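*Asks:* This is the structure I have questions about; it appears just below.
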Amino acid sequence: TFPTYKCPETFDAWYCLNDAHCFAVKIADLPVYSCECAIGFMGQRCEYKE
């Protein structure tokens, strides 16, 4: 399991939608930012109301 970290500020502010939370991992020295969606939402930015 990869540890997760707080996102940089621009990502933390704007990237994840619909009350989703941004989280960062580092894979082979590269930061990858992702969104943990609230229930009922899906997508890269949790932009789709599933």
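What you see of chain A is 76-125, where the numbers are those given in Swiss-Prot.
Recorded method for this deposit: X-ray crystallography, 1.5 Å.
Cβ atoms are placed via backbone N, Cα and C, with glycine included.
When I checked Swiss-Prot for this same protein, it listed these features:
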| type | residues | note |
| --- | --- | --- |
| DISULFID | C82-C97 | disulfide bond |
| DISULFID | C91-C110 | disulfide bond |
| DISULFID | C112-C121 | disulfide bond |
| DOMAIN | 78-122 | domain 'EGF-like' |
*Asks:* Give the residue counts of the domain 'EGF-like' (78-122) per reduced DSSP state, in the order helix, strand, coil.
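*Replies:* Computed counts for the domain 'EGF-like' (78-122) are 6 helix, 17 strand, 22 coil.
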*Asks:* Between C121 (disulfide bond) and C91 (disulfide bond), what C-alpha distance do you get in Å?
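*Replies:* Given the Cα positions, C121 (disulfide bond) is 6 Å from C91 (disulfide bond).
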*Asks:* Reported as an integer number of Å, what is the Cα distance between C112 (disulfide bond) and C91 (disulfide bond)?
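*Replies:* It is 8 Å, counting Cα to Cα.
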*Asks:* For the C-alpha pair, I'd like the distance in angstrom between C82 (disulfide bond) and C110 (disulfide bond), rounded off.
*Replies:* 10
*Asks:* Looking only at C82, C91, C97, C121, the disulfide-bonded residues on record, which one has the least crowded Cβ, with the fewest other Cβ atoms within 10 Å?
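*Replies:* Comparing Cβ neighbours within 10 Å for the disulfide-bonded residues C82, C91, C97, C121, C82 has the fewest.
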